[PDB]
Each structure stands twice: as structure tokens, then as C-alpha cells.
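S.K.: Below is a structure I'd like to ask you about.
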Amino acid sequence: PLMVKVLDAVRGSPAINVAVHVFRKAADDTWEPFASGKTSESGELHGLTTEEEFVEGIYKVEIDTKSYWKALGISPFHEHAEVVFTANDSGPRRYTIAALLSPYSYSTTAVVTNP
Amino acid sequence: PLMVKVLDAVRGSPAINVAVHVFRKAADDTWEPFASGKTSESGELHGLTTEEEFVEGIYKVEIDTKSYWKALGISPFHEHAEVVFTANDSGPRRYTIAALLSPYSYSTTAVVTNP
Amino acid sequence: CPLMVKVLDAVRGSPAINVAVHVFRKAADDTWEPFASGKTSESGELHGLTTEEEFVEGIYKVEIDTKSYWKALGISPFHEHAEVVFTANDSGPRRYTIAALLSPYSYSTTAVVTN
Amino acid sequence: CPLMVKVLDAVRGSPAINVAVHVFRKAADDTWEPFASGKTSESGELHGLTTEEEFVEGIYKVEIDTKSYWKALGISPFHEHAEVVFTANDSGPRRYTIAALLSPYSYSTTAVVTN
Ligand SMILES: Oc1c(Br)cc(/C=C/c2ccccc2)cc1Br
Ligand SMILES: Oc1c(Br)cc(/C=C/c2ccccc2)cc1Br
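Now the structure itself:
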């Protein structure tokens, strides 16, 4: 029920091997690690979680954009791109979080579907 | 070798039933109709052309954003979103043209791959 | 002046300076006629394109010479240019800012319309 | 002042007015400490956050209260807020504008860094 897709606006290509960390806000208001992975050759990251595991909550998807641009030898502006949202509060949904990256800019969007 | 994908930033959903017209610049510098179609329930439009047909040239992909927002009962700013590019000039490539729409804004990106 | 164009560079994190911009108005025969042009300043802005008297209701196209901009920086871009096509409407607010954010394979644009 | 934040609304084509913005600086213990805050003006801009003397090199986070903005307009948004996290570096240019373009399910941000 959670997928992340990352594109590179400079190359005109998927952003491959981008690290992604997902957190969920805990009872005590701290960010607990939830899941993590790397985008594939398609710029997609699948398999982060299951419908059982992905309960209601406030989630933070951290896309490690600085590490991505540095691995490419470029000095970018942002430390990371974060997307913070409440999920599954009217029941289970499927979420795609897409991000389009440039060295000094990013854009993100969500696609939310009801299975 | 040509796909168009359109997302809606207001709904958080694919932009469905968006009309798309493709033109190719002719010998005489006019825009000749090349192909057209509508996005599906996934916001994707497949099947516009073939690798034989999609020769080198300058192409214009016109995404009919006004008609999309009007069909939804909304008065938007732009008449359409255009993406104009040279294609296949170093041999055949696969192109995805993605666009993310709001009533007073759009963003577009290209993903170009070599099969 | 009721129309201003602002262009930014997402790669360098700067105003896009000395970008040619041409504005056209749609004529009764559906051709585009030249209306105004200039080059962006050091702030990435192009002021003084027109006056209230001249800027009547109608369909306008703002063409931004993105290809020359990228080539002058030694970067190969995807698009031939960026175009923004819209209707000016006297029942809306009176001042239009057309803003564009440029990357080699992507651009984003928005309108800020105010009184 | 070396730091300005500008927020725009992609749905209405306007400045995003009276949006709360909080700036934090990363402390030696890795916690975020409050640094500056304010509300955007009628132009969507927040000036006067800090001074040159106070704005030393370091990691800063700009948090934008997008959720309250959309709810005040009667719109259900996706994100809890928008955050922009970056390093201020004295070897780069001296003035930082953080610009954000808001839609209910999307946002785009860019940095314009100039001398
Ligand atoms: O499967 C795709 C593809 Br192909 C492109 C996108 C493009 C997303 C995007 C475009 C402009 C600004 C922000 C995100 C999203 C998804 Br989902
Ligand atoms: O005066 C400005 C500044 Br400074 C930045 C912008 C940024 C616009 C923008 C940001 C993200 C995507 C598309 C456009 C617009 C204006 Br009018």
C-alpha cells in the first residue's frame, strides 16, 4: 500500500539507488523507524510495507536527495525531501509518493487510491 | 515509444479522460497532426504511435488541461499544457511525458530511455 | 504594467538571466501575432512588457527561449522552448505574473493573479 | 536580511497569505531549535526573519503550515506541513529565497540564492 517513485529532472531519467526512510509518529510524539529501501532502475521503491503493518498514523517519507546528488558528484541545496502525511484514517488506502528532483529544487505529489 | 501520464494535484489522483494531441513539425514549418488519444483510469495514454511511425522530428504534445478542468466544473488559468521537443535525433528512444496539474499551475517532465 | 514574467533556474538555484521571452496575442484568424518581447533581467524578471490600455481581454502565449538559455550554460536540454498559453479576463484580478522554473528535462509554471 | 520565504497557491493563482512559517537551526545535539517565525504577508512573502549576524552557517529547516492554510479555505489537504531542510554556506551567495508552490496533494519548492 505504499510506493515511492523518484525522477531526475537534470538527466530525464528515473532517479536510481535513492535511499528512502519511512517513519511513523509514536505515542510519545517521536519519529519511530517504520521502513526503508532504495529505488530501483525504474526509480520505484516497492515492498516497503504490508496492509497489516501500515496502520493509521502520521508518516514521514524521507527521500535522501543529498546523498543521491553527492553520489553523482554534484553539490545540491537540500538535505533531503520530506513528505509528512496522515495515512489510513478513513480506512486503508494505497499511496504513491512521487518526487521530481533538481539540485536546487524538488516537487512532490501524492496519488491516493481506495482498493 | 511515446507515453503521456497526467496527474491531478488537487484530487491526489490520476487525471482521467484528459485529451492529448500530438503534432509533428512539417517540411513547411507547420504543425501536422500526428496522433491523439485520452488518458485512461490510470492517467496514462499508451499506444499513440509505433517505432516505425515515430521518426526524427520536432514534436508538440498538447495536453488539453482546460477541457479537463472545465469537465470537472472548474475555471482554470491555462488553455492547455504544451511540451515541444526534438525526438529520435540520435536514433530511436522511448519518451514518457508526465504532467502534474493544478488549476493555475502545471509541471512537466520527460523520461527518455534507450531501448 | 499588468503582465510580468519571472524565470528561475532549478539547477543552479538562481534567477534565469538574459532569457528571451516573446508574448503573442491570438488574432481573429487564429494566428499568433507578436505582442511584446524582452530579455529577463538580473533578477530573472521581465517588466514593462505592456500597459493596461494595450492588454485587452484575449488569449495570450508567453514563449520562453529555454533552449538558448541551457546551451549558453553548456547544458543539453530537452525542450525547444517553454510556452504558457492563457486567457486574460477583466472579471479577474488586474495583474498577472507568469512564473517559470526551469530544469533541463522539466519545467513548472504558475500564475499569480492579483489586484 | 539574508533569508526570505515566499509561498504561492496553485489552486487559486495567488500568494498564500497569512501562512505560518517556522524556521529552526540544528543544534549540536541534533535537535531542532527555534530560530525565527512569522506569517506571510499579502504578497505571500515573509521578510525580516533574521539578520546577517544571526544567520551563521549550519543546517536550517523551514516549516510551512500548509494544513492550516488549506483548512481555512475549506479544502482537505494531504500533508501535515511542508518542510524545506538545507545548509547555509558562506562560500555560496549571501541571500536565500525559499519559494514554495502549494496544491492540496502536492508542493514544489526551489531555492534562489544570490549576491
Ligand atoms: O508513474 C509516474 C511517472 Br512515469 C511520472 C510521475 C511524475 C510525477 C511528478 C511530475 C511533476 C512534479 C512532481 C511529480 C509520477 C508517476 Br506516479
Ligand atoms: O517572486 C517569485 C519567486 Br522569488 C519565486 C517563485 C517561484 C515559482 C515557482 C516555484 C515552484 C514551481 C513553479 C514556480 C515565484 C515568484 Br512570482
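Residue numbers (full-length UniProt numbering), protein chains in the order written: chain A, 31 to 145; chain C, 31 to 145; chain X, 30 to 144; chain Y, 30 to 144. Where a beta carbon is used, it is the ideal one built from N, C-alpha and C, also for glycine.
(1) Compile a chain-ordered list of the residues in the region 40-60 of chain Y whose CB is closer than 9 Å to at least one CB of chain C.
(2) Using CA coordinates, which residue listed in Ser105/Y, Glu92/Y, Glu109/Y, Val141/Y is at the minimum distance from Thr69/Y?
(3) Less than 8 Å separating the beta-carbons of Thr116/X and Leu37/Y?
(4) Taking Cβ-Cβ distances below 8 Å as the criterion, which residues of the region 114-143 of chain A are in contact with chain B?
(5) Hey, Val40/C and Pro106/Y: beta-carbon distance below 8 Å or not?
(6) Are the region 58-74 of chain A and the region 51-60 of chain C touching by the rule of at least three beta carbon pairs closer than 8 Å?
(7) Which partner residues does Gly87/A have in the DSSP bridge list?
(8) Between which two residues does the beta strand (DSSP E) holding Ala129/C run?
(9) Around the C-beta of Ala101/X, are 16 or more other C-beta atoms found within 10 angstroms, so that it is buried, or is it exposed?
(10) Would you mind telling me which residues of chain C sit closer than 8 Å to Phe107/X, beta carbon to beta carbon, in chain order?
(11) Under 8 Å between beta-carbons, which chain A residues line up against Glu82/Y? List them in chain order, please.
(12) Using a threshold of 7 Å, is the CB atom of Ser43/A nearer than that to any non-hydrogen atom of ligand 1?
(13) With a threshold of 6 Å on Cβ separation, who are the neighbours of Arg124/Y within its own chain once the five nearest residues in sequence on each side are excluded?
(14) Hey, is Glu62/A's beta-carbon within less than 8 Å of any beta-carbon in chain Y?
(15) Does DSSP put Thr139/Y in a helix, in a strand, or in coil?
(16) Using a beta-carbon distance cut-off of less than 8 Å, what residues from the region 74-104 of chain Y approach chain A?
(17) Pick from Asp119/A, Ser135/A, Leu131/A: whose alpha carbon is nearest that of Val48/A?
(18) What is the C-beta distance between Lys96/A and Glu109/A, in whole angstroms, given that I count them as a contact (C-beta under 8 Å)?
(19) Which word fits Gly103/A, buried or exposed, when buried means at least 16 other C-beta atoms lie within 10 angstroms of its C-beta?
(20) Going by C-alpha distance, which of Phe53/X, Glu71/X, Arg54/X is nearest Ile46/X?
(21) From the DSSP secondary-structure annotation, give me the bridge partner or partners of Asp38/X.
(22) For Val50/A versus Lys90/A, is the C-beta spacing smaller than 8 Å?
(23) Does any C-beta atom of chain C lie closer than 8 Å to the C-beta of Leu37/A?
(24) Just the Cα atoms here: how many angstroms apart are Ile88/C and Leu78/C?
(25) With a threshold of 8 Å between beta carbons, is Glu112/X in contact with chain C?
(26) Cα separation between residue 19/Y and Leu75/Y?
(27) My output table needs one value for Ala65/Y: the three-state DSSP class, helix, strand or coil.
(28) State the beta-bridge partners of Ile93/X as determined by DSSP.
(29) Provide the residue(s) that pair with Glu74/C in DSSP beta bridges, ordered along the chain.
(30) Would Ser135/X and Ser137/Y qualify as a contact pair, given that the criterion is a beta-carbon distance under 8 Å?
(31) Tell me whether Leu131/A, by its Cβ, gets closer than 7 Å to a heavy atom of ligand 2.
M.R.: Quick answer:
(1) Here the close residues are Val40, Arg41, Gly42, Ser43.
(2) Residue nearest to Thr69/Y within the set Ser105/Y, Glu92/Y, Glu109/Y, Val141/Y is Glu92/Y (criterion: CA-CA distance).
(3) Not closer than 8 Å, so no.
(4) Absent from the structure is chain B; the protein chains it does hold are A, C, X and Y.
(5) Taking 8 Å as the Cβ cut-off, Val40/C and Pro106/Y do not qualify as a contacting pair.
(6) Verdict: no, contact absent.
(7) DSSP, once it has assigned bridges, lists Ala117/A as partnering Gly87/A.
(8) Per DSSP, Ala129/C belongs to the beta strand (DSSP E) from 124-132.
(9) So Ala101/X ends up on the exposed side.
(10) Within 8 Å Cβ-Cβ: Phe115, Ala140, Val142.
(11) Chain-order list of chain A residues neighbouring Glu82/Y: empty, with the shortest C-beta distance near 23 Å, by a criterion of under 8 Å.
(12) Placement of the Cβ of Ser43/A at a distance of 7 Å or more from every heavy atom of ligand 1 is found.
(13) Result list for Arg124/Y: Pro31, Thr143, in chain order.
(14) By the rule that beta-carbons nearer than 8 Å mark a contact, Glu62/A does not touch chain Y.
(15) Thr139/Y: strand per DSSP, three-state reduction.
(16) Under the 8 Å Cβ criterion, the region 74-104 of chain Y contributes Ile88.
(17) With distances taken between CA atoms, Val48/A lies nearest to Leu131/A out of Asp119/A, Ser135/A, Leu131/A.
(18) Separation of the CB atoms of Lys96/A and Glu109/A is rounded to 5 Å, and the pair is thereby assigned contact status at 8 Å.
(19) Burial call: exposed.
(20) The shortest Cα separation from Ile46/X among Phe53/X, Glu71/X, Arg54/X belongs to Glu71/X.
(21) Within the DSSP secondary-structure output, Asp38/X pairs in a beta bridge with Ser43/X, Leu131/X.
(22) Taking C-beta atoms as the reference points, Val50/A and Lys90/A fail to come closer than 8 Å.
(23) Yes, because at least one Cβ of chain C sits closer than 8 Å to the Cβ of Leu37/A.
(24) Each residue's alpha carbon lies about 16 Å from the other.
(25) When Cβ-Cβ separations below 8 Å define contact, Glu112/X makes contact with chain C.
(26) Chain Y is shown only over 30 to 144; residue 19/Y falls outside these bounds and no answer can be derived.
(27) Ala65/Y falls in the strand class under three-state DSSP.
(28) Paired residues: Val50/X, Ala111/X.
(29) Per the DSSP secondary-structure output, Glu74/C pairs in a beta bridge with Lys35/C.
(30) In this structure, the beta-carbon distance from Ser135/X to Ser137/Y does not fall below 8 Å.
(31) Taken from the Cβ of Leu131/A, every heavy atom of ligand 2 lies 7 Å or farther away.
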